[PDB]
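As a starting point, one isolated chain is supplied in structure tokens, in the form deposited in one PDB entry.
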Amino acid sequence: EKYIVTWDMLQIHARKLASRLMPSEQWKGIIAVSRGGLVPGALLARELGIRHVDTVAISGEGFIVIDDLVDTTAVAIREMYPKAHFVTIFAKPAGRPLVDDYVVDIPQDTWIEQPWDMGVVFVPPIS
């Protein structure tokens, strides 16, 4: 098949990650990596109570740097923010040792499709 990620599921995953980052008072802010980190970043911010989310784009103590998935950009993040808490929603075998924390494990060979790249449209019957 194909690893489909719906909004509801992404939200559930993000909420689990949020609870794992408590207490919220220990964080100064959240840095989301465009574009995949934007939505998960906004969710964490809403769950933790952080009013503002900063954004970056690749080619910091107390800050959380978030990205949707880590397959291989992790390096650039580590160089720019050495003291940041790098977290991701999904993680493959290769990138697993790069993030400080993640939520769901997906096989290296899985084609994962994110909710922002999909939509609800008419799907013809199989018959």
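Heads up: residue numbers just count along the shown sequence, starting at 1.
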Unmodelled residues of the deposited sequence between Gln26 and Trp27: none, 1 to 3, 4 to 9, or 10 or more?
none
Comparing 89-97 with 74-82, the higher average Cα temperature factor in the PDB entry belongs to 74-82
If you average the Cα B factors in the entry, which is higher, 28-36 or 43-51?
28-36
Determine, from the deposited record, the chain-internal third of the Cα B-factor for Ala18: lowest, middle or highest.
middle
Where does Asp105 sit by CA temperature factor within its chain: lowest, middle or highest third?
middle
Is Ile66 in the lowest, middle or highest third of its chain when residues are ranked by C-alpha B-factor?
lowest
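Heads up, the form deposited with a small molecule bound isn't pictured, but that's what we're talking about next.
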Is it the case that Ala84, even though its partner is missing from this view, gets within 4.5 Å of the small molecule in the deposited complex, heavy atoms only?
no
Any non-hydrogen atom of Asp101 within 4.5 angstroms of the small molecule in the deposited complex:
no
Decide whether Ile112 counts as a contact residue for the small molecule in the deposited complex under a heavy atom distance cut-off of 4.5 Å.
yes
Though only this chain appears here, would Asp117 touch the small molecule in the deposited complex if you measure heavy atom gaps against 4.5 Å?
yes
